[PDB]
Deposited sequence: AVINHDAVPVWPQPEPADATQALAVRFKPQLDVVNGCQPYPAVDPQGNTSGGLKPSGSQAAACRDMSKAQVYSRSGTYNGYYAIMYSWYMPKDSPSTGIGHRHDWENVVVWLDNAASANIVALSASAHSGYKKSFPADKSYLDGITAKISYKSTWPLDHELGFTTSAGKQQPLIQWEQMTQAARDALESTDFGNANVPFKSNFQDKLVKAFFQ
């Protein structure tokens, strides 16, 4: 069911059970929330999903304890991809009404799962991706990508690359979810927003690729 946005518990970050899961923990990014909502949990292990918040101001989505990040891992064009994604209860822009729900994502591109060298970064912005190829070292704290979440007049929120330090969140990976949670993430209508790591995952990787 769709439940109150504050009734979806944070999904604790489990230990990584295989090499895929360990890689996604290793490359977990930092996020600098410049304005708007903090990230919240979108789904619980029973498959209930967040109702978000009505766009009618971000005081209602500032709870630091609700932090969560998602990932899903795959491959495209012989490259290894880890998509990290954040859900916010609303897009609360600097100007304008905004929307209930927000989903954004970055992709960390590696040469392969063993060498695990970062070759590029992609960050979702409106209907496309910003791309840093080769990955600009100023956007990396070691192997930790530094991402911003910000709205600039007259636009809604977008991700971007930043030199600024950010914060990290407990990571739950698609591969570690219950089936009920995967099913709910596939089927649920998030209105203006769309889960970017459901059955559209490969299509998103194609769009994020650094051609």
Sequence ranges absent from the coordinates, based on the deposited chain and numbered from 1
57-58
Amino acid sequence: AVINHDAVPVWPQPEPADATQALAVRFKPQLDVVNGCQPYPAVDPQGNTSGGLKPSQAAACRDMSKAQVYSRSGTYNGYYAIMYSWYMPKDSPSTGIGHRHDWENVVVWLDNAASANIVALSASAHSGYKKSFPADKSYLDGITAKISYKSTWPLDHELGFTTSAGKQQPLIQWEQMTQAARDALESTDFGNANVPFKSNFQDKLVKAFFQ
From here on, numbers count along this sequence of modelled residues.
On mean C-alpha B-factor from the PDB entry, just flag whether 157-165 or 38-46 is the higher one.
157-165
Between 71-79 and 84-92, the record assigns the higher mean Cα B factor to 71-79
Residue selected from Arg26, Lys146, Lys66, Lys54 by maximal Cα B factor:
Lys54
Please rank the C-alpha B-factors of the chain's modelled residues and tell me whether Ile97 sits in the lowest, middle or highest third.
highest
Is the Cα B-factor recorded for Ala120 in the lowest, middle or highest third of its chain?
middle
How does the C-alpha B factor of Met177 compare with the rest of the chain: lowest, middle or highest third?
lowest
By the record's CA B-factor, is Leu171 among the lowest, middle or highest third of residues in the chain?
lowest
Quick one: classify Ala135 as lowest, middle or highest third of the chain based on its Cα B-factor.
highest
